[PDB]
$ cat protein24.txt   # compact mmCIF, N, CA and C atoms
# COMPACT_ATOMS: atom_id res chain seq x y z
N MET T 1 -76.87 168.78 -12.89
CA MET T 1 -77.92 168.92 -11.84
C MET T 1 -77.49 168.16 -10.59
N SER T 2 -76.27 168.35 -10.16
CA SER T 2 -75.78 167.64 -8.95
C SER T 2 -74.53 168.35 -8.42
N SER T 3 -73.54 168.52 -9.25
CA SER T 3 -72.30 169.20 -8.80
C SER T 3 -72.66 170.44 -7.97
N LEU T 4 -72.42 170.41 -6.69
CA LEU T 4 -72.76 171.58 -5.84
C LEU T 4 -71.56 171.97 -4.98
N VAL T 5 -71.51 173.21 -4.57
CA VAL T 5 -70.38 173.69 -3.74
C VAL T 5 -70.91 174.12 -2.37
N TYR T 6 -70.27 175.07 -1.74
CA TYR T 6 -70.74 175.52 -0.41
C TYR T 6 -69.73 176.51 0.18
N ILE T 7 -70.21 177.54 0.81
CA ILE T 7 -69.31 178.54 1.43
C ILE T 7 -69.87 178.89 2.80
N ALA T 8 -69.04 179.04 3.80
CA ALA T 8 -69.60 179.36 5.14
C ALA T 8 -68.80 180.49 5.80
N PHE T 9 -69.36 181.08 6.82
CA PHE T 9 -68.66 182.19 7.52
C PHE T 9 -69.23 182.33 8.93
N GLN T 10 -68.45 182.80 9.85
CA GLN T 10 -68.97 182.98 11.24
C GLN T 10 -68.59 184.38 11.72
N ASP T 11 -69.46 185.34 11.54
CA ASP T 11 -69.14 186.73 11.98
C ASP T 11 -69.54 186.91 13.45
N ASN T 12 -70.23 187.98 13.78
CA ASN T 12 -70.62 188.19 15.20
C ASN T 12 -71.94 187.46 15.47
N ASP T 13 -73.01 188.18 15.71
CA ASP T 13 -74.31 187.51 15.98
C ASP T 13 -75.41 188.16 15.14
N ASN T 14 -75.24 189.39 14.74
CA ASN T 14 -76.28 190.06 13.92
C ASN T 14 -75.85 190.10 12.46
N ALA T 15 -74.69 190.62 12.18
CA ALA T 15 -74.21 190.69 10.77
C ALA T 15 -74.48 189.37 10.07
N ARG T 16 -74.45 188.29 10.79
CA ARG T 16 -74.71 186.97 10.17
C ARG T 16 -76.15 186.91 9.65
N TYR T 17 -77.11 187.00 10.53
CA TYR T 17 -78.53 186.95 10.09
C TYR T 17 -78.73 187.90 8.91
N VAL T 18 -78.06 189.02 8.91
CA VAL T 18 -78.22 189.98 7.78
C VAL T 18 -77.91 189.25 6.47
N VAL T 19 -76.73 188.71 6.34
CA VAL T 19 -76.39 187.98 5.09
C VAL T 19 -77.42 186.87 4.86
N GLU T 20 -78.07 186.44 5.91
CA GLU T 20 -79.10 185.37 5.76
C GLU T 20 -80.30 185.92 5.00
N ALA T 21 -80.67 187.15 5.27
CA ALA T 21 -81.83 187.74 4.55
C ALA T 21 -81.46 187.95 3.09
N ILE T 22 -80.20 188.19 2.82
CA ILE T 22 -79.77 188.40 1.41
C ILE T 22 -79.85 187.07 0.64
N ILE T 23 -79.19 186.05 1.12
CA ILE T 23 -79.23 184.74 0.40
C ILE T 23 -80.68 184.26 0.29
N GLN T 24 -81.48 184.51 1.28
CA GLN T 24 -82.90 184.07 1.21
C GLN T 24 -83.62 184.91 0.16
N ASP T 25 -83.28 186.16 0.05
CA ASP T 25 -83.93 187.02 -0.98
C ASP T 25 -83.96 186.24 -2.29
N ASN T 26 -82.87 185.59 -2.62
CA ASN T 26 -82.83 184.80 -3.87
C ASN T 26 -83.53 183.46 -3.62
N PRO T 27 -84.34 183.06 -4.57
CA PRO T 27 -85.05 181.77 -4.39
C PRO T 27 -84.15 180.61 -4.83
N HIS T 28 -82.92 180.61 -4.42
CA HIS T 28 -82.00 179.51 -4.82
C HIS T 28 -80.97 179.26 -3.72
N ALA T 29 -80.49 180.31 -3.11
CA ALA T 29 -79.48 180.13 -2.02
C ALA T 29 -79.91 179.00 -1.09
N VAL T 30 -78.99 178.19 -0.65
CA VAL T 30 -79.35 177.08 0.27
C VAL T 30 -78.99 177.46 1.71
N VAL T 31 -79.30 176.61 2.65
CA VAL T 31 -78.97 176.92 4.07
C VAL T 31 -78.51 175.64 4.77
N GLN T 32 -77.72 175.76 5.81
CA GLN T 32 -77.24 174.55 6.53
C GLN T 32 -77.25 174.81 8.03
N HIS T 33 -76.35 175.62 8.51
CA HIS T 33 -76.31 175.91 9.98
C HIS T 33 -77.08 177.19 10.27
N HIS T 34 -77.20 177.55 11.52
CA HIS T 34 -77.95 178.79 11.87
C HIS T 34 -77.40 179.37 13.18
N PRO T 35 -77.57 178.62 14.24
CA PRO T 35 -77.06 179.13 15.54
C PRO T 35 -75.54 179.32 15.48
N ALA T 36 -74.79 178.25 15.52
CA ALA T 36 -73.30 178.38 15.48
C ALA T 36 -72.90 179.35 14.36
N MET T 37 -72.62 178.84 13.19
CA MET T 37 -72.21 179.74 12.07
C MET T 37 -73.27 179.69 10.96
N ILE T 38 -72.94 180.21 9.81
CA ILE T 38 -73.91 180.19 8.68
C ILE T 38 -73.24 179.61 7.44
N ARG T 39 -73.51 178.37 7.14
CA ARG T 39 -72.87 177.73 5.95
C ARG T 39 -73.70 178.02 4.70
N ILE T 40 -73.18 177.72 3.54
CA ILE T 40 -73.95 177.97 2.29
C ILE T 40 -73.69 176.84 1.29
N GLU T 41 -74.50 176.74 0.28
CA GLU T 41 -74.31 175.65 -0.73
C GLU T 41 -74.65 176.15 -2.13
N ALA T 42 -73.97 175.65 -3.12
CA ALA T 42 -74.25 176.07 -4.52
C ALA T 42 -74.48 174.81 -5.37
N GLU T 43 -74.57 174.95 -6.66
CA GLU T 43 -74.82 173.75 -7.51
C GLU T 43 -73.99 173.83 -8.80
N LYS T 44 -72.68 173.79 -8.71
CA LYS T 44 -71.86 173.87 -9.95
C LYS T 44 -70.37 173.93 -9.60
N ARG T 45 -69.62 174.73 -10.31
CA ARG T 45 -68.16 174.81 -10.03
C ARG T 45 -67.76 176.27 -9.80
N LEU T 46 -66.57 176.47 -9.29
CA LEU T 46 -66.09 177.86 -9.03
C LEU T 46 -64.71 178.04 -9.65
N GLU T 47 -64.31 179.25 -9.92
CA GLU T 47 -62.96 179.47 -10.54
C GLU T 47 -62.41 180.83 -10.12
N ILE T 48 -61.13 180.90 -9.84
CA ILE T 48 -60.52 182.20 -9.43
C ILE T 48 -59.16 182.34 -10.10
N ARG T 49 -58.74 183.55 -10.37
CA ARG T 49 -57.42 183.76 -11.03
C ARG T 49 -56.35 184.07 -9.99
N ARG T 50 -55.12 184.20 -10.41
CA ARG T 50 -54.03 184.51 -9.44
C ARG T 50 -54.23 185.92 -8.87
N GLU T 51 -54.92 186.76 -9.60
CA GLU T 51 -55.16 188.14 -9.10
C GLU T 51 -55.68 188.07 -7.66
N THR T 52 -56.55 187.14 -7.39
CA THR T 52 -57.08 187.02 -6.01
C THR T 52 -55.95 186.61 -5.08
N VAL T 53 -55.17 185.64 -5.47
CA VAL T 53 -54.03 185.22 -4.60
C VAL T 53 -53.16 186.44 -4.33
N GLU T 54 -53.22 187.42 -5.19
CA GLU T 54 -52.41 188.65 -4.98
C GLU T 54 -53.07 189.48 -3.87
N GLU T 55 -54.37 189.52 -3.84
CA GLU T 55 -55.06 190.29 -2.77
C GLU T 55 -54.80 189.63 -1.42
N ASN T 56 -55.07 188.36 -1.31
CA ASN T 56 -54.83 187.65 -0.03
C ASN T 56 -53.36 187.83 0.38
N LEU T 57 -52.48 187.89 -0.58
CA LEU T 57 -51.04 188.07 -0.25
C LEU T 57 -50.87 189.36 0.56
N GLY T 58 -51.32 190.47 0.03
CA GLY T 58 -51.19 191.75 0.78
C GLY T 58 -52.15 191.75 1.96
N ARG T 59 -53.00 190.76 2.05
CA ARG T 59 -53.97 190.70 3.18
C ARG T 59 -53.70 189.45 4.01
N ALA T 60 -52.60 188.78 3.76
CA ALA T 60 -52.28 187.55 4.54
C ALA T 60 -51.94 187.93 5.98
N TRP T 61 -51.84 189.20 6.27
CA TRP T 61 -51.52 189.62 7.67
C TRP T 61 -52.81 189.82 8.45
N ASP T 62 -53.89 189.25 7.98
CA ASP T 62 -55.19 189.41 8.69
C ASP T 62 -55.61 188.06 9.28
N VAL T 63 -54.73 187.09 9.27
CA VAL T 63 -55.09 185.76 9.83
C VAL T 63 -55.71 185.92 11.21
N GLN T 64 -55.11 186.72 12.05
CA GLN T 64 -55.67 186.91 13.42
C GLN T 64 -57.15 187.27 13.32
N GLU T 65 -57.49 188.18 12.45
CA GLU T 65 -58.92 188.57 12.30
C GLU T 65 -59.70 187.39 11.71
N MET T 66 -59.05 186.56 10.95
CA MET T 66 -59.75 185.39 10.35
C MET T 66 -59.99 184.34 11.43
N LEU T 67 -59.28 184.42 12.52
CA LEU T 67 -59.47 183.43 13.61
C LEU T 67 -60.83 183.64 14.28
N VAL T 68 -61.08 184.82 14.79
CA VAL T 68 -62.39 185.09 15.45
C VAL T 68 -63.52 184.57 14.56
N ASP T 69 -63.69 185.15 13.40
CA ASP T 69 -64.78 184.68 12.49
C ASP T 69 -64.31 183.46 11.71
N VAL T 70 -65.22 182.63 11.27
CA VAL T 70 -64.81 181.42 10.49
C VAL T 70 -64.99 181.69 8.99
N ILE T 71 -64.42 180.86 8.16
CA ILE T 71 -64.57 181.07 6.69
C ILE T 71 -64.61 179.72 5.98
N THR T 72 -65.28 179.67 4.86
CA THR T 72 -65.36 178.41 4.08
C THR T 72 -65.87 178.72 2.67
N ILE T 73 -65.50 177.92 1.70
CA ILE T 73 -65.96 178.22 0.32
C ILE T 73 -66.00 176.94 -0.53
N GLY T 74 -66.87 176.95 -1.49
CA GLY T 74 -67.04 175.82 -2.43
C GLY T 74 -67.10 174.50 -1.68
N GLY T 75 -65.97 173.97 -1.41
CA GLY T 75 -65.90 172.66 -0.69
C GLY T 75 -64.45 172.15 -0.68
N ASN T 76 -63.79 172.16 -1.81
CA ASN T 76 -62.38 171.67 -1.84
C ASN T 76 -61.47 172.80 -2.31
N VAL T 77 -60.48 172.49 -3.10
CA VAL T 77 -59.58 173.57 -3.59
C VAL T 77 -58.48 172.97 -4.47
N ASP T 78 -58.64 173.04 -5.76
CA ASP T 78 -57.60 172.49 -6.67
C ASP T 78 -56.75 173.64 -7.20
N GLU T 79 -55.45 173.53 -7.11
CA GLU T 79 -54.58 174.63 -7.61
C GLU T 79 -53.57 174.06 -8.61
N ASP T 80 -53.30 174.78 -9.67
CA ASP T 80 -52.33 174.28 -10.68
C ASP T 80 -50.96 174.91 -10.43
N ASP T 81 -50.63 175.96 -11.12
CA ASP T 81 -49.31 176.61 -10.92
C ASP T 81 -49.49 177.89 -10.10
N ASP T 82 -50.25 178.83 -10.62
CA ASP T 82 -50.47 180.10 -9.87
C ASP T 82 -51.98 180.36 -9.78
N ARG T 83 -52.72 179.92 -10.76
CA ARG T 83 -54.19 180.13 -10.73
C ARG T 83 -54.80 179.28 -9.62
N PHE T 84 -56.04 179.52 -9.30
CA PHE T 84 -56.69 178.73 -8.22
C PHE T 84 -58.14 178.45 -8.62
N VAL T 85 -58.55 177.21 -8.60
CA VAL T 85 -59.95 176.89 -8.99
C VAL T 85 -60.54 175.84 -8.04
N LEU T 86 -61.83 175.86 -7.85
CA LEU T 86 -62.48 174.86 -6.95
C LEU T 86 -63.96 174.74 -7.34
N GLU T 87 -64.46 173.54 -7.42
CA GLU T 87 -65.89 173.34 -7.78
C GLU T 87 -66.57 172.57 -6.65
N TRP T 88 -67.60 171.83 -6.97
CA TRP T 88 -68.27 171.05 -5.91
C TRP T 88 -67.20 170.26 -5.14
N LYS T 89 -66.74 169.18 -5.70
CA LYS T 89 -65.70 168.37 -5.01
C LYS T 89 -66.22 167.91 -3.65
N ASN T 90 -66.42 166.63 -3.48
CA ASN T 90 -66.93 166.13 -2.17
C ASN T 90 -65.75 165.64 -1.33
$ encode --input "protein24.txt" --output "structure tokens"
Amino acid sequence: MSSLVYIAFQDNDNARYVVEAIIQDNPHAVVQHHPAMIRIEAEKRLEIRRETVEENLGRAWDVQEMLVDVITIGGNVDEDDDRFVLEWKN
């Protein structure tokens, strides 16, 4: 009842509020920023396999598009050999 994470993103000006109505739809999603970007928070840990690192690999040529909008997830990022996992982590 404490370990929490957080993910954020900064799209244009409307698409953002849209995702805001979705997270609010759930009576658990948290909120942090509003005007500038839209951050998020969770309460536990996260885990991802190398399969995802494979997608970003073929999509690593989108950094320019990642510049305009902002991105954030969980909070930290622990990686072992090829797999990738991240939980609350302050």
$ atom_distance --input "protein24.txt" --atom1 "atom N of residue 86 in chain T" --atom2 "atom C of residue 7 in chain T"
13.7 Å
$ closest_residue --input "protein24.txt" --among "T:53, T:8, T:67, T:85" --to "residue 39 in chain T" --atoms "all atoms listed in the file"
T:8
$ select_by_dssp --input "protein24.txt" --residues "chain T" --states "alpha helix (DSSP H)" --output "JSON, numbers by chain"
{"T": [14, 15, 16, 17, 18, 19, 20, 21, 22, 23, 24, 25, 50, 51, 52, 53, 54, 55, 56, 57, 58, 63, 64, 65, 66, 67, 68]}
$ residues_around --input "protein24.txt" --residues "residue 69 in chain T" --least-positions-apart "2" --cutoff "10 Å" --atoms "only C-alpha atoms" --output "PyMOL selection string"
chain T and resi 9-12+37+64-67+71
$ axis_aligned_box --input "protein24.txt" --around "range 32-48 of chain T" --padding-each-side "3 Å" --output "lines of an AutoDock Vina configuration file"
center_x = -68.6
center_y = 178.0
center_z = 2.5
size_x = 24.8
size_y = 14.6
size_z = 32.1
$ atom_distance --input "protein24.txt" --atom1 "CA of residue 72 in chain T" --atom2 "CA of residue 41 in chain T"
10.5 Å
$ select_by_dssp --input "protein24.txt" --residues "chain T" --states "strand (DSSP E or B)" --output "list in words"
residues 8, 9, 10, 38, 45, 46, 47, 48, 70, 71, 72, 78, 79, 84, 85, 86 and 87 of chain T
$ write_last_selection --input "protein24.txt" --atoms "N, CA and C atoms" --output "mmCIF file, keeping the file's coordinate frame"
data_model
loop_
_atom_site.group_PDB
_atom_site.id
_atom_site.type_symbol
_atom_site.label_atom_id
_atom_site.label_comp_id
_atom_site.auth_asym_id
_atom_site.auth_seq_id
_atom_site.Cartn_x
_atom_site.Cartn_y
_atom_site.Cartn_z
ATOM 1 N N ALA T 8 -69.040 179.040 3.800
ATOM 2 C CA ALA T 8 -69.600 179.360 5.140
ATOM 3 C C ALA T 8 -68.800 180.490 5.800
ATOM 4 N N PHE T 9 -69.360 181.080 6.820
ATOM 5 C CA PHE T 9 -68.660 182.190 7.520
ATOM 6 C C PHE T 9 -69.230 182.330 8.930
ATOM 7 N N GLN T 10 -68.450 182.800 9.850
ATOM 8 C CA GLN T 10 -68.970 182.980 11.240
ATOM 9 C C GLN T 10 -68.590 184.380 11.720
ATOM 10 N N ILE T 38 -72.940 180.210 9.810
ATOM 11 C CA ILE T 38 -73.910 180.190 8.680
ATOM 12 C C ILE T 38 -73.240 179.610 7.440
ATOM 13 N N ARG T 45 -69.620 174.730 -10.310
ATOM 14 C CA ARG T 45 -68.160 174.810 -10.030
ATOM 15 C C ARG T 45 -67.760 176.270 -9.800
ATOM 16 N N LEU T 46 -66.570 176.470 -9.290
ATOM 17 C CA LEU T 46 -66.090 177.860 -9.030
ATOM 18 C C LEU T 46 -64.710 178.040 -9.650
ATOM 19 N N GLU T 47 -64.310 179.250 -9.920
ATOM 20 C CA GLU T 47 -62.960 179.470 -10.540
ATOM 21 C C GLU T 47 -62.410 180.830 -10.120
ATOM 22 N N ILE T 48 -61.130 180.900 -9.840
ATOM 23 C CA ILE T 48 -60.520 182.200 -9.430
ATOM 24 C C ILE T 48 -59.160 182.340 -10.100
ATOM 25 N N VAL T 70 -65.220 182.630 11.270
ATOM 26 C CA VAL T 70 -64.810 181.420 10.490
ATOM 27 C C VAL T 70 -64.990 181.690 8.990
ATOM 28 N N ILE T 71 -64.420 180.860 8.160
ATOM 29 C CA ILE T 71 -64.570 181.070 6.690
ATOM 30 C C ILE T 71 -64.610 179.720 5.980
ATOM 31 N N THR T 72 -65.280 179.670 4.860
ATOM 32 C CA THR T 72 -65.360 178.410 4.080
ATOM 33 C C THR T 72 -65.870 178.720 2.670
ATOM 34 N N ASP T 78 -58.640 173.040 -5.760
ATOM 35 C CA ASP T 78 -57.600 172.490 -6.670
ATOM 36 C C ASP T 78 -56.750 173.640 -7.200
ATOM 37 N N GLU T 79 -55.450 173.530 -7.110
ATOM 38 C CA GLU T 79 -54.580 174.630 -7.610
ATOM 39 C C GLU T 79 -53.570 174.060 -8.610
ATOM 40 N N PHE T 84 -56.040 179.520 -9.300
ATOM 41 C CA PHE T 84 -56.690 178.730 -8.220
ATOM 42 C C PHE T 84 -58.140 178.450 -8.620
ATOM 43 N N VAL T 85 -58.550 177.210 -8.600
ATOM 44 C CA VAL T 85 -59.950 176.890 -8.990
ATOM 45 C C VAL T 85 -60.540 175.840 -8.040
ATOM 46 N N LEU T 86 -61.830 175.860 -7.850
ATOM 47 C CA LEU T 86 -62.480 174.860 -6.950
ATOM 48 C C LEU T 86 -63.960 174.740 -7.340
ATOM 49 N N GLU T 87 -64.460 173.540 -7.420
ATOM 50 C CA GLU T 87 -65.890 173.340 -7.780
ATOM 51 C C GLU T 87 -66.570 172.570 -6.650
#
$ closest_residue --input "protein24.txt" --among "T:20, T:43, T:25, T:82" --to "residue 2 in chain T" --atoms "all atoms listed in the file"
T:43
$ closest_residue --input "protein24.txt" --among "T:38, T:46, T:63, T:22" --to "residue 5 in chain T" --atoms "all atoms listed in the file"
T:46
$ closest_residue --input "protein24.txt" --among "T:88, T:61, T:33, T:15" --to "residue 75 in chain T" --atoms "all atoms listed in the file"
T:88
$ closest_residue --input "protein24.txt" --among "T:70, T:77, T:60, T:23" --to "residue 48 in chain T" --atoms "only C-alpha atoms"
T:77
$ atom_distance --input "protein24.txt" --atom1 "atom N of residue 24 in chain T" --atom2 "CA of residue 40 in chain T"
10.0 Å
